[PDB]
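Some notes on the structure that comes next.
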Amino acid sequence: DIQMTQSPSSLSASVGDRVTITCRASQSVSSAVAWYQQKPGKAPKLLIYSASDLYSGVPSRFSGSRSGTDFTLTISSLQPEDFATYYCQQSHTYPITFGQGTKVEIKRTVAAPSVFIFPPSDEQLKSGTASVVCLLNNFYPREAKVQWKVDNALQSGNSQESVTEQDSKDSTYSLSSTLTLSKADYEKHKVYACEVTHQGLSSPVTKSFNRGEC
Amino acid sequence: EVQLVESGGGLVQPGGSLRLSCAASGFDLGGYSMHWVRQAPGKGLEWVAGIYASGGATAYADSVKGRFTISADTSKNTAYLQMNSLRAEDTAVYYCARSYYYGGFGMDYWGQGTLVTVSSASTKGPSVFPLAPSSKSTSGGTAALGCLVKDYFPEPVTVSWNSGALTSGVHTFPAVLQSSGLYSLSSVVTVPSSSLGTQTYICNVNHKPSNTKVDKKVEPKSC
Amino acid sequence: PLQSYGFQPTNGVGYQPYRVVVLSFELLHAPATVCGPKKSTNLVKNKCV
Amino acid sequence: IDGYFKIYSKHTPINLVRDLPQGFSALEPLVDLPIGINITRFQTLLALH
């Protein structure tokens, strides 16, 4: 049972750029590390069978090498067809294991989000619960979070998240985050806020509302 | 050309079981080990088990031992997975894949994956609620109306606006599976703010798998 | 440790078999044999050479 | 010398068996053998019935 670690969690490269993704087995697996290319809705494509064994049907762009234990996977000239999550597989010792998967971004313009805070509506509150919703629209880099506050305290564990896909020209995407309070808990707090931070934002954007507004 | 084709997916009540199968096409399974792998929603790829088509020998991941059992039949040139005592945590797309002998080589032929789900609330329509727009415009002069879609099952759900006529300014998020055993997602439409009181904004939430749908109107409210 | 190679006429160029011979040269400070012509030419008589 | 065993030789009829034959003689070179071994000692070989 040899587990492997992949990095980076995501890589940023344009069409025509180079992509470098690595995988490190905790134990030697010889060179028996295979790689896959996966698009949403599809099976991972087999790219590589072993560190120096490329699969026919895989673009010639795919190549790699080893340094000590670690294997480095690269794409020499990334095409639209290659934006996929890449995974490593070791076939040396059972159980067969896989790495975590590395995403590739199209490396475009960095921008702050348009921050929309949506206080729980009268209709949503008929459910008996209250969902405070904040959406960060059209921003880049890929990593962003909402620091949710209740009575200006930072709250952690009552939030939920979902993230959308990136724009093919700008690399931007939107982030959805919410806070769930029962209606009864919602009514017991006065101030709510969405403090928006991300890797490219030097000045956090905060939107807020008072309980009962909107 | 060699293909591997999966079937047999569907929902299993918690504690129940399901049989999956894949057929080989263009390739004789003998000489290869046939493998089952798993992809839970939001997760990466996990190996489940492998069987040597020409020998009957097997190996399993520790994570599935005592629960997932496999077999193969070279007269049929197919392979099978029997999953017992399925839990919510076992919701995943199950894949067939193959490799030479007993290892030292990665898997070459792959199926596309069939979804197996487990839930205590296997058949639900959506519950849809509107989100009031900010009354103050953001950069570009825009504002947005939205919906929260919750507690439906199974996924996929298709969400669009104005009964499907509105794609312009539409921002949708993927569904995720919640602790309720049901799925949820959200969406907004961002347009110049005066358009929010002119255009129709109805969330068309379609669930072909549940034979249902919801048309929820969203409009500006004092804010 | 070894696996059979599926070398077939149906394979693409990356999987077609290739016959390879590697020439590995001696590093001896006092070599002899496995030699060759030093751009050898013909003899010319009654001329300055 | 430098890994090369060098051999020179001559073979003639003899009248003198007590001592070696008298008079000047130059041995013919035969071979430079690229062997690579340390020679500090030796023995002969006989056929046995």
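A note on labels: chains of the structure tokens are A, B, ... as shown, every chain counts residues from 1, and ligands are counted from 1 in their shown order.
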
request  = Might you pull out every residue within 9 Å of region 14-31 of chain C, with only C-alpha atoms counted and same-chain residues fewer than 6 positions away left off, and present them as JSON, numbers by chain?
outcome  = {"A": [54, 55, 56], "C": [6, 7, 8], "D": [2, 3, 34]}

Counting only C-alpha atoms, which residues of chain A fall within 7 Å of chain B, and what is the closest atom pair for each with its distance in Å at one decimal, ordered by chain and rising number, as CSV?
residue,atom,partner,partner_atom,distance
A:32,CA,B:104,CA,5.3
A:33,CA,B:106,CA,6.9
A:34,CA,B:106,CA,5.1
A:42,CA,B:112,CA,5.9
A:43,CA,B:112,CA,4.8
A:46,CA,B:108,CA,6.0
A:49,CA,B:106,CA,4.6
A:50,CA,B:105,CA,6.4
A:89,CA,B:106,CA,6.8
A:90,CA,B:106,CA,7.0
A:91,CA,B:104,CA,5.0
A:92,CA,B:104,CA,5.0
A:95,CA,B:61,CA,5.0
A:96,CA,B:47,CA,5.8
A:97,CA,B:47,CA,6.0
A:98,CA,B:45,CA,6.2
A:100,CA,B:44,CA,5.6
A:101,CA,B:44,CA,6.3
A:114,CA,B:138,CA,6.8
A:118,CA,B:131,CA,6.2
A:121,CA,B:131,CA,5.8
A:123,CA,B:129,CA,6.3
A:124,CA,B:129,CA,5.1
A:162,CA,B:173,CA,6.2
A:163,CA,B:173,CA,5.8
A:164,CA,B:173,CA,4.8
A:213,CA,B:223,CA,6.4
A:214,CA,B:223,CA,4.0

message = Taking 2 positions as the minimum chain separation for residues in the same chain, which residues sit within 9 Å of residue 28 (chain A) when counting only C-alpha atoms? Answer as an MDAnalysis selection string.
response = chainID A and resid 2 25:26 30:31 69 92

Residue neighbourhood residue 108 (chain A), 12 Å, only C-alpha atoms, exclusion window fewer than 2 positions, as JSON, numbers by chain = {"A": [12, 13, 14, 15, 104, 105, 106, 110, 111, 139, 140, 141, 142, 166, 167, 168, 169, 170, 171, 172, 173]}

Deliver the residues from the most recent selection as a file, using N, CA and C atoms, as a PDB file, in the first residue's frame.
ATOM      1  N   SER A  12      -1.310  27.305 -13.545  1.00  0.00           N
ATOM      2  CA  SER A  12      -1.814  28.284 -14.501  1.00  0.00           C
ATOM      3  C   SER A  12      -0.946  28.388 -15.763  1.00  0.00           C
ATOM      4  N   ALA A  13      -1.529  28.070 -16.928  1.00  0.00           N
ATOM      5  CA  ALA A  13      -0.811  28.098 -18.206  1.00  0.00           C
ATOM      6  C   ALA A  13      -1.769  28.457 -19.340  1.00  0.00           C
ATOM      7  N   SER A  14      -1.290  29.217 -20.308  1.00  0.00           N
ATOM      8  CA  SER A  14      -2.081  29.609 -21.465  1.00  0.00           C
ATOM      9  C   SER A  14      -1.991  28.574 -22.553  1.00  0.00           C
ATOM     10  N   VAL A  15      -2.807  28.727 -23.575  1.00  0.00           N
ATOM     11  CA  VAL A  15      -2.621  27.851 -24.702  1.00  0.00           C
ATOM     12  C   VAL A  15      -1.259  28.195 -25.299  1.00  0.00           C
ATOM     13  N   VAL A 104      -5.720  22.587 -14.415  1.00  0.00           N
ATOM     14  CA  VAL A 104      -4.979  23.582 -15.187  1.00  0.00           C
ATOM     15  C   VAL A 104      -5.921  24.741 -15.592  1.00  0.00           C
ATOM     16  N   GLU A 105      -5.475  25.962 -15.309  1.00  0.00           N
ATOM     17  CA  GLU A 105      -6.164  27.234 -15.551  1.00  0.00           C
ATOM     18  C   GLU A 105      -5.602  27.821 -16.845  1.00  0.00           C
ATOM     19  N   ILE A 106      -6.303  28.774 -17.489  1.00  0.00           N
ATOM     20  CA  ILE A 106      -5.829  29.338 -18.772  1.00  0.00           C
ATOM     21  C   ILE A 106      -4.969  30.629 -18.645  1.00  0.00           C
ATOM     22  N   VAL A 110      -6.164  38.947 -13.843  1.00  0.00           N
ATOM     23  CA  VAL A 110      -6.510  39.017 -12.427  1.00  0.00           C
ATOM     24  C   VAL A 110      -7.462  40.168 -12.172  1.00  0.00           C
ATOM     25  N   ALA A 111      -8.536  39.893 -11.446  1.00  0.00           N
ATOM     26  CA  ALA A 111      -9.522  40.919 -11.157  1.00  0.00           C
ATOM     27  C   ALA A 111     -10.238  40.676  -9.837  1.00  0.00           C
ATOM     28  N   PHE A 139     -14.182  36.924 -10.904  1.00  0.00           N
ATOM     29  CA  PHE A 139     -12.848  37.235 -10.375  1.00  0.00           C
ATOM     30  C   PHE A 139     -11.804  36.152 -10.651  1.00  0.00           C
ATOM     31  N   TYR A 140     -10.537  36.544 -10.550  1.00  0.00           N
ATOM     32  CA  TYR A 140      -9.387  35.653 -10.767  1.00  0.00           C
ATOM     33  C   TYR A 140      -8.222  36.223  -9.966  1.00  0.00           C
ATOM     34  N   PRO A 141      -7.337  35.422  -9.330  1.00  0.00           N
ATOM     35  CA  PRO A 141      -7.020  33.992  -9.333  1.00  0.00           C
ATOM     36  C   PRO A 141      -8.091  33.049  -8.827  1.00  0.00           C
ATOM     37  N   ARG A 142      -7.866  31.763  -9.090  1.00  0.00           N
ATOM     38  CA  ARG A 142      -8.788  30.693  -8.730  1.00  0.00           C
ATOM     39  C   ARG A 142      -9.057  30.546  -7.229  1.00  0.00           C
ATOM     40  N   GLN A 166     -14.506  28.395 -14.904  1.00  0.00           N
ATOM     41  CA  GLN A 166     -13.809  29.569 -15.399  1.00  0.00           C
ATOM     42  C   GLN A 166     -14.133  29.911 -16.846  1.00  0.00           C
ATOM     43  N   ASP A 167     -14.223  31.209 -17.091  1.00  0.00           N
ATOM     44  CA  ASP A 167     -14.443  31.826 -18.381  1.00  0.00           C
ATOM     45  C   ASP A 167     -13.279  31.545 -19.330  1.00  0.00           C
ATOM     46  N   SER A 168     -13.597  31.160 -20.560  1.00  0.00           N
ATOM     47  CA  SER A 168     -12.594  30.822 -21.568  1.00  0.00           C
ATOM     48  C   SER A 168     -11.706  31.977 -22.053  1.00  0.00           C
ATOM     49  N   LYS A 169     -12.089  33.228 -21.797  1.00  0.00           N
ATOM     50  CA  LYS A 169     -11.260  34.349 -22.232  1.00  0.00           C
ATOM     51  C   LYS A 169     -10.611  35.080 -21.061  1.00  0.00           C
ATOM     52  N   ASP A 170     -11.341  35.205 -19.944  1.00  0.00           N
ATOM     53  CA  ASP A 170     -10.823  35.934 -18.786  1.00  0.00           C
ATOM     54  C   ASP A 170     -10.260  35.115 -17.612  1.00  0.00           C
ATOM     55  N   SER A 171     -10.509  33.794 -17.538  1.00  0.00           N
ATOM     56  CA  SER A 171     -10.115  32.911 -16.414  1.00  0.00           C
ATOM     57  C   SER A 171     -10.872  33.182 -15.145  1.00  0.00           C
ATOM     58  N   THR A 172     -11.818  34.090 -15.203  1.00  0.00           N
ATOM     59  CA  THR A 172     -12.560  34.417 -14.041  1.00  0.00           C
ATOM     60  C   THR A 172     -13.674  33.454 -13.809  1.00  0.00           C
ATOM     61  N   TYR A 173     -14.144  33.441 -12.589  1.00  0.00           N
ATOM     62  CA  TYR A 173     -15.221  32.555 -12.215  1.00  0.00           C
ATOM     63  C   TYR A 173     -15.944  33.160 -11.054  1.00  0.00           C
TER      64      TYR A 173
END

request  = Show which residues sit within 12 Å of residue 153 (chain A), as a list in words. Count only C-alpha atoms, and ignore same-chain residues fewer than 5 positions away.
outcome  = residues 147, 148, 189, 190, 191, 192, 193, 194 and 195 of chain A

File of the preceding selection, N, CA and C atoms, as a JSON list (two decimals), in the first residue's frame:
[["chain", "number", "residue", "atom", "x", "y", "z"],
["A", 147, "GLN", "N", -15.05, 35.29, 4.27],
["A", 147, "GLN", "CA", -14.91, 35.30, 5.69],
["A", 147, "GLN", "C", -16.24, 35.79, 6.21],
["A", 148, "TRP", "N", -17.07, 34.85, 6.62],
["A", 148, "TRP", "CA", -18.42, 35.17, 7.02],
["A", 148, "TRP", "C", -18.53, 35.64, 8.43],
["A", 189, "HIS", "N", -29.57, 37.74, 15.71],
["A", 189, "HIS", "CA", -28.35, 38.48, 15.41],
["A", 189, "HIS", "C", -28.74, 39.75, 14.69],
["A", 190, "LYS", "N", -27.93, 40.80, 14.81],
["A", 190, "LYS", "CA", -28.25, 42.06, 14.15],
["A", 190, "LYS", "C", -27.43, 42.34, 12.92],
["A", 191, "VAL", "N", -26.15, 41.97, 12.94],
["A", 191, "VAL", "CA", -25.29, 42.34, 11.81],
["A", 191, "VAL", "C", -24.70, 41.17, 11.06],
["A", 192, "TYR", "N", -24.86, 41.18, 9.76],
["A", 192, "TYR", "CA", -24.29, 40.14, 8.93],
["A", 192, "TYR", "C", -23.35, 40.71, 7.91],
["A", 193, "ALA", "N", -22.29, 39.97, 7.60],
["A", 193, "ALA", "CA", -21.37, 40.48, 6.59],
["A", 193, "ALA", "C", -20.62, 39.37, 5.82],
["A", 194, "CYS", "N", -20.17, 39.73, 4.60],
["A", 194, "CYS", "CA", -19.37, 38.96, 3.66],
["A", 194, "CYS", "C", -18.03, 39.68, 3.45],
["A", 195, "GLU", "N", -16.97, 39.19, 4.10],
["A", 195, "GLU", "CA", -15.66, 39.80, 3.93],
["A", 195, "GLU", "C", -14.90, 39.00, 2.88]]

request  = Write out as a VMD selection string all residues of region 3-57 of chain B that backbone DSSP assigns to strand (DSSP E or B).
outcome  = chain B and resid 3 to 7 10 to 12 18 to 25 32 to 39 46 to 52

query = Interatomic distance between CA of residue 26 (chain B) and CA of residue 79 (chain B)?
reply = 14.8 Å

Find the residues of chain C that sit at most 12 Å from chain B; for each, write down the nearest two atoms and how far apart they are in Å, to one decimal. Count only C-alpha atoms. Sort by chain, then by number going up, and give it as CSV.
residue,atom,partner,partner_atom,distance
C:1,CA,B:104,CA,8.7
C:2,CA,B:104,CA,9.5
C:3,CA,B:101,CA,8.6
C:4,CA,B:100,CA,9.6
C:5,CA,B:100,CA,10.7
C:6,CA,B:100,CA,10.9
C:10,CA,B:1,CA,10.9
C:11,CA,B:1,CA,11.4

query = Can you list, as a PyMOL selection string, every protein, DNA or RNA residue that comes within 12 Å of region 16-33 of chain D when you count only C-alpha atoms, leaving out same-chain residues fewer than 2 positions away?
reply = (chain C and resi 30-33) or (chain D and resi 1-14+35-37)

Computed interatomic separation between CA of residue 152 (chain A) and CA of residue 112 (chain A) (Å) =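 Between CA of residue 152 (chain A) and CA of residue 112 (chain A) the gap is 22.6 Å.
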
ask   = So what do you get for CA of residue 168 (chain B) versus CA of residue 177 (chain A), distance-wise?
value =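 Pair CA of residue 168 (chain B) / CA of residue 177 (chain A) returns 22.2 Å.
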
note = Of B:74, B:3, B:158, B:13, the one nearest to residue 98 (chain B) when counting only C-alpha atoms is B:3
